[PDB]
Each structure stands twice: as C-alpha cells, then as structure tokens.
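# Breakdown of the fold
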Amino acid sequence: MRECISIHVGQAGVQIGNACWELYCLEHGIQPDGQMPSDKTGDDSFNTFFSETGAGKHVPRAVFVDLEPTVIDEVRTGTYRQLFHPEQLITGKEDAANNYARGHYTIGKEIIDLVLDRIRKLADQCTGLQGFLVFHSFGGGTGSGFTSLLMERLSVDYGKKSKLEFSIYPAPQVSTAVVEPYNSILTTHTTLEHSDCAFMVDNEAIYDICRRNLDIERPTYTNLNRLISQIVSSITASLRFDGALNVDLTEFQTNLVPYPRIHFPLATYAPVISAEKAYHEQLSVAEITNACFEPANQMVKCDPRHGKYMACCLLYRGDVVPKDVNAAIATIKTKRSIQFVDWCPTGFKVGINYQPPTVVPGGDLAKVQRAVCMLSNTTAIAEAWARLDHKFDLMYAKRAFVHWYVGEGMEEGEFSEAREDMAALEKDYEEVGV
Ligand SMILES: Nc1nc2c(ncn2[C@@H]2O[C@H](COP(=O)(O)OP(=O)(O)OP(=O)(O)O)[C@@H](O)[C@H]2O)c(=O)[nH]1
Ligand SMILES: [Mg+2]
C-alpha cells in the first residue's frame, strides 16, 4: 500500500509538478488518460503514487494549488487534462503578489480549508499513508506563505506522517521579485519544525547546467523543469519501484538527517547529456560516480570541499552491476577529500534501480544507459543560507518593503524572529562544520 501524497503549491510547484507526473507516467507505462495496458500484479509498485479506479484508470495521488488560476488552467486544458480529476486542481482568484503575508495570512486563509478537504479525500483512499511531498518556490508569495500555512496545518491534522519538500531557491538569472530574500527567510523559519527533509533546487545551478551541458543559450522554465523533474524522479524512484534504500518517507530522515534542523541534503546528478548532440561512448559506473563529486553537477551552488559530510546516499538507475558500484565507492573512500563530521558513521548508502532511465520525448536530455543521483547532507549548503541572509539584512536594515507585509496581517517582530532562527541555523552548520 504505503501511499504518498504530492502537493504542488504556486506556479513553480505546479509547473515542476507537471514535468514530474509526465515523467512518472512514462516510467510506469501510464497513458495521459490514466489507462495502462500490460501491468499485471494492488501489487503494482507505483500504486504508492497512483490510485486505481474501478475503470482501471490510474490517478496521481496529487493536489495542485495556486492562489490565481492561469497556471492550473493550462493543466485543466493541456495534454494531462484527463490524468488528474478536476477536484485535485484548486485555484483562487487573487494571488499573493510576491508577499509571504498575503500567501500565509490574508489570501491563504480563504483557501486552506478547501485544500485540506481535498487532501483528506486522497488520504481516505489510502490504507497506509506514509506522508507528503511538497513542491514550492521560496520566492513566491504563494510558494512561501501558503506552503508554510499548509505545513503547519498538516503537522496538526496528520501528526504521525512524514513531510518532505522540493524547494525552488531564488536566482537573479531566473528571478521575479526584489522581496524574494524576505519570503525565503519567512517560509524557512515557519516550515523548519514541520519538515522532515527538504531538497533545495537553486535556479542558478539548474540555469548553469542547461547552458553548460545542454547547450541551451537562454533556458526557459520548460528547460529548467525538465532537468528538475529528472532529479526529483531519481529521488522518488525508491518510493515507486520498491527497492532496498529509501523505501519509505521515514527512511529519508533516517538515512540523510542525523540532526533534525540540518535537514537540507545536496543533490548531485549525472550524466546530464544533450539530446541534440550525437551521444558518444556510454559512461561507466565509475565515471558517473566520479561526476557526483564534480561541483558543476550540483543542484545548489556551493563548495563541498569547504564542508563536512553528515550523510551520503548514492541512487543508481539502469544497467548498473553491484560489484562495479562497490569498486567505485571503494575508490571514493581512498582518494578522499571526503571528510565526515565528528560523530557520524562515515559510510555511503547504496541503492540500485535496474530500469533504464526515462526521458521526455522532445526533451533536451539524452537517453542514457546508467544514471546516478547522490544525496549528501553537507555543511557546504550553509553557503546558500548565508547568501539569502545577507540580502535579507541589506533591505531589513532600512525596513525596505516591510510596509507591504505589515499591511497584510503580519507583525514586524516576525521578521526579527525569523532572521534570528536563520542566524541559529547558520550557527548549527558552523558547530557541526568544526
Ligand atoms: N524552477 C522554476 N522556478 C520557477 C518556476 N516558475 C517560477 N519560478 C520561480 O519562482 C519564484 C517566484 O515564485 P512563483 O512560484 O512564480 O510564485 P507563487 O508561488 O505562485 O506566488 P504568487 O504568484 O506571488 O502568489 C521565482 O524565484 C521564479 O524564478 C518554474 O516553473 N520553475
Ligand atoms: Mg503565480
């Protein structure tokens, strides 16, 4: 059984959600109408993410929420209009206008009950609900504010359930708001005690990979989201194919998060090959494993040689021989600039999914024989928190834009409480890093 419910909040959450469910369907052989031919055993491993109707229709265990309707209307009328039921696609009338306070307080309060009601309808269809996967931006008023309100409400209504995040970290090369450093700090503060594990996706890292490895001069959100979905699928594959590592949401915390507040693992993916380049000699297990320690392949911009490891998981997919993985890991424990923290076990956890990696037809990514996603909890990711905090500090010293938040419910003191919590988080990393 062991079901997982995916929640996509705001434009970034919804659009990445579109790319993910398209890829999940292709991986599991589900058509855009929800029908599936072959399968054969209920006993289908993908039933953790897809419910099955009496007609044999495979329905994603997903909720899509936005405070304005334009993005979700495209889902309602697009290629996957028959995949999701209309009740799973929830929209408001007025967005949060890049304001956390509107998303969380004034506008978010109007749709929270309806969203929770729809989540409850999906939870009732579960016989062993594991928990939730939450997709959202840090920068958006909805992505930041509404997500933190929903995370707070889910911790009360489903106390025993695990909650994982896929968070879109802001970048000037891909940006929408001047106020995004405020929204980022505000959502991090209010979500920190309600999230078990969060995968940050730095828009600059994704932008750099698309330009450097996919030879895309100016990447659109489509280009960025197809790369993000490929990495998200690599992380959730274990939950959809019944492997040996990260088989349940609880295991993500057990394997990657020894210190509860320090729950931000760095994802590194390989190989990223352009579809529009005539392939070459296929990359070996050792080559794709070595690429996991190449900073250029990270989902977050940071220097892991400056940091220390708390945990490390390697998730292989495709034509991967276990002895070849063991030899690749043995080399990493030798040629070691891999320093683990004081009281952590020092081992690498390994998972192998033998299905050939799947890519979107008409996508930018080339089909490969073998791929790997490394999930490492490193103190080097604190560099990303420091960048946000510095931007927050510059504006907050002058109280620039704070009037917008104060006029939308929010107390000025919340800005100081949030920033102090970020200062304590930076100190947590610093204490572990020595
Ligand atoms: N990777 C990625 N980032 C996106 C996408 N759409 C928007 N963003 C980023 O998300 C941030 C803006 O947040 P949004 O998700 O667009 O907005 P929202 O959450 O709907 O909130 P409001 O519209 O302000 O109510 C910026 O950092 C954008 O770069 C997308 O499809 N992919
Ligand atoms: Mg929007």
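This paragraph deals with the packing of helix α1 (residues 10-28) against helix α8 (residues 221-241). Their axes nearest at 8 Å, the elements α1 and α8 cross at an angle of 55 degrees. With respect to α8, the element α1 is oriented oblique. For the element pair α1 and α8, the recorded crossing hand is right-handed. Contacts between α1 and α8 involve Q11, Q15, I16, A19, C20, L23, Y24, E27 and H28 on the former and, on the latter, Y221, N225, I228, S229, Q230, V232, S233, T236, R240 and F241. A breakdown of the residues in the contact of α1 with α8 according to their chemical character gives 9 nonpolar, 8 polar and 2 charged.

Before going further, it helps to examine the packing of aromatic side chains. Aromatic ring pairs are reported here in terms of the distance separating the ring centres and the angle at which the planes meet. Counted under the stated rule, the structure contains 22 aromatic pairs. On the basis of an interplanar angle of 75 degrees and a centroid distance of 5.0 Å, the ring pair of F132 and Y158 is categorised as edge-to-face. Taken together, the residues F132 in strand β6 (residues 131-137) and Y158 in the loop between α5 (141-157) and β7 (162-169) connect sequence positions 26 residues apart. Summarising the aromatic geometry, the rings of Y309 and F340 are spaced 5.7 Å apart at their centres and angled 35 degrees between planes, so their arrangement reads as tilted. Of this pair, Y309 sits in strand β10 (residues 309-318) while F340 sits in the loop between α11 (322-332) and β11 (349-353), placing them 31 residues apart in sequence. A relative accessible area of 12% places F340 in the buried class.

Attention now moves to the sheet that holds strand β4 (residues 62-66). Strand order across the open sheet formed by 6 strands is β5-β4-β1-β6-β7-β8, with parallel pairing between neighbours. Taken across any chain shown, the strands that pair with only one partner, and hence form the sheet edges, are β5 (89-91) and β8 (197-202). In this sheet, neighbouring strand axes are inclined to one another by 15 degrees on average, regardless of whether the strands run parallel or antiparallel. Relative to β8, β7 runs parallel, the two sharing 6 bridges. Among the inter-strand pairings, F166 is bridged to a residue of β8, identified as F199. Against the sheet, helix α2 (residues 70-77) touches β4 and β5, its axis set at about 150 degrees to β5. Each of β1 (4-9), β6, β7 and β8 touches α8; the most contacted strand, β7, lies at about 170 degrees to it.

Let us now look at the domain arrangement of the protein. Along its sequence, the protein is carved into domain 1 (1-265), domain 2 (266-380) and domain 3 (381-434). Summarising the inter-unit geometry, the C-alpha centres of domain 1 and domain 2 are found 23 Å apart. At the interface, 41 residues of domain 1 touch 37 residues of domain 2. With both chains or domains summed, domain 1 and domain 2 bury close to 3,500 Å², and 65% of this area falls on carbon and sulfur atoms. Taken together, the connections running from domain 1 to domain 2 amount to 4 salt bridges. The partner of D364 in a salt bridge is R226, with the nearest N and O atoms 2.9 Å apart. Among the secondary structure elements, those contributing two or more residues to the side of domain 1 that touches domain 2 are α1, β8, α7 (203-212), α8 and α9 (249-256).

Within the structure, ligand 1 sits among 23 residues, and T142, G143, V174, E180 and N225 are positioned closest to it. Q11 has a polar side-chain atom sitting 3.0 Å from a nitrogen atom of ligand 1. Contacts to ligand 1 include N98, whose backbone N or O atom sits 2.9 Å from an oxygen atom. Protein contacts shield 96% of the accessible area of ligand 1, which totals 650 Å² for the unbound molecule. Listed by contribution, the elements that provide at least two residues to the shell around ligand 1 are α1, α5 and α8. Across the shell around ligand 1, the residue classes break down as 8 nonpolar, 12 polar and 3 charged.

Definitions and cut-offs
- Residues numbered from 1 in each chain as written, not as in the entry; some residues may be left out.
- Chains lettered and ligands numbered in written order.
- Heavy atoms only, no water.
- Residues with missing side-chain atoms left out of burial classes, pairs and counts.
- Axes fitted to C-alpha atoms, helices over the stretch in contact; angles between N-to-C directions.
- Helix = DSSP H or I, 4+ residues; strand = E, 2+ residues; numbered from the N terminus.
- Parallel < 35°, antiparallel > 145°, perpendicular 65-115°, else oblique.
- Left-handed = near helix turned anticlockwise from the far one by under 90°.
- Contact = heavy atoms within 4.5 Å.
- Nonpolar A, V, L, I, M, F, W, Y, C, P; charged D, E, K, R; others polar.
- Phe/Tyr/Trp six-rings, centres within 6.5 Å; stacked < 30°, edge-to-face > 60°.
- Buried < 20%, exposed > 50% of the residue type's maximum accessible area, 1.4 Å probe, protein only.
- Pairing = 2+ DSSP bridges.
- Domains from an automatic or database assignment.
- Buried area = accessible area lost by both parts, 1.4 Å probe.
- Salt bridge = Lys/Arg side-chain N within 4 Å of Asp/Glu carboxyl O.
- Near = heavy atom within 4 Å.
- Polar contact = N/O pair within 3.5 Å; in protein donor to acceptor, adjacent residues only side chain to side chain.
- Areas by Shrake-Rupley, 256 points an atom, 1.4 Å probe, with all protein chains shown as cover.

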